[PDB]
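Okay, so here's the structure we're looking at.
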Ligand SMILES: [Zn+2]
Ligand SMILES: [Zn+2]
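Now the structure itself:
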């Protein structure tokens, strides 16, 4: 995405569903949120 | 387990709520008390019946999980895609051949007589009659405009153990459901009696599915071509406002 | 003698030379069962007695050399394929033995045989294909490109706002009778009143805005 | 390491038509391969290699499991 | 190595030998599902 | 070694006359190896 | 006439295909059909409960005695087998699952493969030499199997390959029949191609209510000689019948000894003149239990309860029968039901003998 | 899977060599560079007795006996000597001291157990005594499951001295408690082993190898596993292997219509019967080939 992009897709808006498949930028944004689940799950043991 | 090829610690799935356990590869310790003093206290204090009611949230811990929650819904459902949800005498007796409780009496039934799921559930709840009346998880006003709910499935009522109407699901038989069926049995008949009814009602739910079936497929997830155009037309409105 | 035998019997070079000797029958196909058979295998493979290996100084000079000397110049691509496999195996052994002995004119022949074995590997990979299929698009003549992905499209502003500039609030459900005899023909209810006024004799036709009172499917009749 | 003697699912004697199914398949691929390197066959994006009629001619029934295991089983001789 | 180094951390004297314990007559294995067992029973 | 094992790992010897436990052996102490 | 309209069809190689023809002719020099071929048999049953048909199917699948090829301990000669990849486990797993049609338990084979070449040599099943027993006038297994493969300069010597008998339930190598069809001909079906009905089974009656008594069952046998197919399949069918009868007769020896204290039969006298019978039999499957429940239910329409609970982790079948009669009358009814089962399978025997010429 | 193509030449610790491997019916571009590891097990997505609840699976016993996910598991024993103090040999009861209770020294041959014999718990696999009359520093096989001595050798270490190397092999089948997984990350533990006559079967005779709970999907949204079953079901009948690499153009609506063109249903579900009772389900069950892989977590070691 270009610098100072205005479209909502550039900021994590995934327009597609799982049954229809995601594109490369949508999968990267999904991995950004998916990695947080793995990180917070690890912290949910030690920090607790 | 007399089978020499079994090396695992097997337990009921409804007992996982005590340990926050699942069967993805978890390992659990087990030691058998041998001292008389420790063996006495295991039976009287540390028995799992003493923690059917959570000491944390003051509510029940155990219930139906993932097959007797949907199994109880199908069993207590009023209408089946193949007509009314009834069964003959032979298949009504087959639901009680695994519960390990004393069988009911089916002598007042011809082989061609039909029994609905409410009657079958009632014969098991007569042992511990309770009073319950709530709205099941099946009913949801989110789904209401786009669904034709059955008026006999959105009101679960039990008086003196007789399931008058409604379906049994997470609200009534689910694990951790405060005020549920097994919470009322424990308060009136003891936590050990509630555990036996969890197992007993689990078998009817599982025995019903033995020939009713339950599956998930890829077409269960596929929008129709006309509905797909409606989904992106909704998303285009969001991108238009954005 | 024991330490020498233990060292050499664990050398993969010894096992490979022993396999080559077994192929043409210089040593028995079965591994030795008695020390005499082991000594005979050592003498045939290494080429020197363990007693006399400690007396002199070389080691690689007299290791087995296959009996049949096929013509590897037909490995120049030129009952042919199994013979080619046999030539590949024999030349691999001969070149490995030359590498051990630091034979002159070695790197060029190594490169030539590596090219030959790469061609043989191409053939072997041809033999190792399960197959492949592509779901062709009937309209085209190649891999299907049709997808159910989202495609952006600038909808008219009439879909979000009415002719007075207010936003739409689609919150009235309009139900029409499946059969004609049922009356009334249509019922307009709110989400709270669906369970109390709608039965299976009705079907959801369209939504309605609670502000401008227009059907969602008739939103295009507004002047943009 | 080879095509199983019997189907893993039901136990139909797949193995007795295994070897033939291997070799014959190769020529069929050679018929449909086309100006392409062997190791690039699963990336051609233009191939239509169908083995339905070959397995049918072998006499194997139209069972999903049997044809799956016959087609998809790797051979250790072809990689080592 | 020192005497007082044995105390502090998790693998120390207090948290590994006193607050915790290695015991005999104990078993461990992977758990499994069995719908024929009661909730108060273990296979 | 008449009985290779009774499927139960034991670290102790027993008397052949009555069965009483004589003593137990797990590992050699091996601490006198550092002498003077 | 319970069992009528049977049809038998072998599974043969189509030599009209050039690829298969060339491959077979250059591999095994094969130009005609193999000595042993699979056979699909479709059977129509009328006036019989689905419990009996399904029990017959189960017995033919993995409860009928069957023969395999096994290696005696010490047969795999480590002294001579120099191959590093053809381990004993792999090779014996290959050998156990070769479908055989044996005549006696005396045949002993041997596999002696020597690789004097420079290329990997494939060990087929035609390299199994019979070394003990009477000489075979007809092969007992197909010669086109792939037992293994030897690296150059390697060997594989295996002796004492004998014929072992067992039931398919204990080990899958004794499995006999593979399922190919099962349907009820007295129940109508929806067209499931339509999207309205594709989520349903298809039958117009729910299994909770339907009681079909006209079935079609089709089973495939993996190895049957070409010139004696009708002789083999018939035998198989007949065999199954005897097995079931035999097992049923075992229960018939329990009820006959209800006076003496017997561990496998327990009788209680409940309230309201009700009697209870518990029959616990070890190493029984759902076949016998389902047959017993179905025939007791048919014999006593107004029975209070009947169930055949077969427990996986207990390896036993517990049949509970509660009825409002006395102990003697209940035992009489149970014996009558057992006799009904016996006569039904005797009629099946007779129909099998009558149909397949 | 095939953990190494030169496994017989190696003496490795805790290594499993699965005999049978299959290329997935829906393969990817990653299989152009590495060997696939797993089998195309026929999987039924159904509720069957409640033994597959809470991420468990039901495994056909016949599939286990035929070699499904079966292989050999290896362990090694590396024992060293003290130069001129210790030695390899069978001890004698009347001279050597503090022999291990309940041991079995009779299986030793010249200090090592011969290759091909079965060593069980309590057996002395390596004989070793230190000369003081003698003290017994023997090595005993302390494992519950019996092993087979696969390879014995006496190499020379970096210090030019003999040490004992023994390779023990274990015949491992798939048993209850072994962990399996799909390619979508839905792992599971084998819970029940049913015979070939107790598994459910379709009208056409198809029966599952694994029975997984349908409740494993909705919370984890592993849609690629369900699409793989739909695509792979048509590939088997069509006799083809297709590519399912990520980010390739797919249309599940078109893939579902491809099933009907092959004689199946649009949804891929089929009429099935209960193997224990012979009673058909009142629902078409989604059954098809899904590529499953055995994770190397053995209950016989944990
Ligand atoms: Zn408006
Ligand atoms: Zn199959």
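Residue numbers (the numbering used here), protein chains in the order written: chain A, 1 to 48; chain B, 49 to 290; chain C, 291 to 514; chain D, 515 to 594; chain E, 595 to 637; chain F, 638 to 673; chain G, 674 to 1030; chain H, 1031 to 1332.
C-beta: ideal position from N, C-alpha, C; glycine also.
- Those residues placing their Cβ nearer than 5 Å to any heavy atom of ligand 2 are, following chain order, D:521, D:523, D:524, D:526, D:577, D:579, D:580.
- Non-local C-beta neighbours of residue 1229 of chain H in its own chain, meaning closer than 7 Å and more than five positions away in sequence, comprise 1090, 1237, 1238, 1305, ordered along the chain.
- Within the stretch 1054-1139 of chain H, complete alpha helix (DSSP H) segments of at least 4 residues are found at 1091-1095, given in chain order.
- Within chain D, no residue has its CB atom less than 8 Å from the CB of residue 832 of chain G, the nearest being about 21 Å off.
- Straight-line spacing of the CA atoms in residue 558 of chain D and residue 380 of chain C works out to 35 Å.
- The beta carbons of residue 1000 of chain G and residue 948 of chain G sit about 5 Å from each other, so the pair counts as a contact at 8 Å.
- Using a Cβ-Cβ cut-off of 7 Å, residue 331 of chain C does not count as an interface residue toward chain G, since no Cβ of chain G sits closer than that to its own.
- The contact set of residue 615 of chain E on chain B, defined by CB atoms closer than 7 Å, is empty, because the minimum CB distance reaches about 12 Å.
- With its beta carbon less than 7 Å from one in chain H, residue 19 of chain A belongs to the interface.
- In the DSSP secondary-structure assignment, residue 837 of chain G is bridged to G:741.
- Boundaries of the alpha helix (DSSP H) around residue 1010 of chain G: 1000-1028.
- Membership of residue 923 of chain G in the alpha helix (DSSP H) is indicated by the continuous run 902-928.
- Taking a cut-off of 8 Å on C-beta distances, the stretch 1289-1305 of chain H touches the stretch 866-877 of chain G, as three or more cross pairs fall below it.
- At least one heavy atom of ligand 1 falls within 6 Å of the beta-carbon of residue 458 of chain C.
- With three or more CB-CB distances shorter than 8 Å, the stretch 531-551 of chain D counts as touching the stretch 413-433 of chain C.
- Interface residue (Cβ-Cβ distance to chain D less than 7 Å): residue 408 of chain C is not classified as such.
- Chain-order list of chain G residues neighbouring residue 375 of chain C: 791, 792, by C-beta distance under 8 Å.
- Close to residue 1059 of chain H, with beta-carbon spacing below 7 Å, lies no residue of chain A; the smallest spacing is near 15 Å.
- Looking at the DSSP output, residue 1181 of chain H shares a beta bridge with H:1197.
- For the C-beta of residue 1236 of chain H, the chain D residues within less than 7 Å are, from N- to C-terminus, 577, 578, 579.
- Residue 339 of chain C has its alpha-carbon roughly 8 Å from the corresponding atom of residue 329 of chain C.
- Contact annotation: residue 1086 of chain H and residue 1219 of chain H have beta-carbon atoms nearer than 7 Å.
- At a beta-carbon threshold of 8 Å, the residues of chain A lying near residue 440 of chain C are 15, 16, 20, ordered along the chain.
- Annotation: residue 586 of chain D to residue 929 of chain G spans about 56 Å, alpha carbon to alpha carbon.
- A contact is defined here as three or more CB-CB pairs under 8 Å, and the stretch 919-935 of chain G fails this definition with respect to the stretch 98-114 of chain B.
- Closest option to residue 1143 of chain H, judged by alpha-carbon separation, among H:1062, H:1107, H:1128: H:1107.
- Taking C-beta atoms under 8 Å as the contact rule, residue 129 of chain B and residue 225 of chain B fail to qualify, at a distance of about 28 Å.
- For the options D:523, D:516, D:515, the alpha carbon positioned closest to that of residue 1095 of chain H is the one of D:523.
- Close to residue 269 of chain B, with beta-carbon spacing below 7 Å, are these residues of chain A in chain order: 19.
- Counting C-beta pairs closer than 8 Å gives three or more between the stretch 809-828 of chain G and the stretch 759-769 of chain G, which meets the contact rule.
- For residue 64 of chain B, the CB stays at least 6 Å from every heavy atom of ligand 1.
- Contact note: residue 290 of chain B reaches chain A through 8, using a C-beta cutoff of 7 Å and chain order.
- Under the Cβ criterion (8 Å, minimum of three pairs), the stretch 1017-1026 of chain G does not count as touching the stretch 984-1001 of chain G.
- Ranked by Cα distance from residue 262 of chain B, the first of H:1193, H:1316, H:1226, H:1198 is H:1316.
- Within the stretch 160-172 of chain B, not one residue has a Cβ closer than 8 Å to any Cβ of chain H.
- The nearest non-hydrogen atom of ligand 1 is 6 Å or more from the C-beta of residue 15 of chain A.
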